[PDB]
């Protein structure tokens, strides 16, 4: 049912002790920023591998800085709390860890910088799909993606998902599995919760970060693996909508989405299938990396030894 423990404001406590009032933190949620961090269980080694833990903890500290939450936690403390909780929960399987930071005020509309900074971290069992061949049908939304002018997508804020839900609602009631966004200038931005890649003529193409997207750690991982293991050309550039309809392959990528193939966009089918050949190679490489079976990428992994069963 529930995990054994969670971390809250510098301490690990039993789950059933973290009880709050219904009315606590609704205003704090407007400030809230989060990470999603993966743990992958290698039963042959008896070790959990936490993927790019310090990169996620540094992004959370940056998101907190841009919200203007007062300084209270460190990068090393968030990394250590993640290790400690995965160990103490004693769950030997794939997990998601979610730090969530929030600033709490004396008044509903006090400025963030006058608030108190708080954080919890919780870890729960996750289901990987990296050993499954599946694909989604996407649409481009009639809703526009937030930009730096109004709500910087660089900040991994809960509030940014209100714009996401406009698109994901539309996609589901219009017969699609997932939405892609255009930015205010009309250029391809990202999915509702992950970055998008395209494959055309043996090249990987992905929107550049100033297209108004979150600076994904999975996106970075995929560009590295595509260049260094497969020797592919990867272009980070402005991407137009109609060119994506002619993509040989396409996929979403994100800590939660892992590598998720796109079969079609607005009912234009990816010519080489889903997962396409290059997608399938990147999915297999990614999997072997995160489960600790690719020594070349060991510096991306934080092992937590727990015992081999």
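Positions refer to the first chain, counted from 1.
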| query | finding |
| --- | --- |
| Mean temperature factor over C-alpha atoms, higher-scoring stretch between 99 to 107 and 144 to 152 | 99 to 107 |
| Of 291 to 299 and 13 to 21, the stretch whose C-alpha atoms average the higher B-factor in the entry | 291 to 299 |
| Residue, from 68, 52, 272, 59, that the PDB entry assigns the highest Cα B-factor | 272 |
| Selection by C-alpha B-factor (highest) of 83, 130, 189, 157 | 130 |
| Residue 161 - Cα temperature factor, lowest/middle/highest third of chain | lowest |
| Third assignment of residue 252 from its chain's C-alpha B-factors | middle |
| CA B-factor placement of residue 304, once the chain's modelled residues are sorted into thirds | middle |
| B-factor third for the C-alpha atom of residue 89 within its chain | lowest |
| Ranked C-alpha temperature factor of residue 218 among modelled chain residues, by third | lowest |
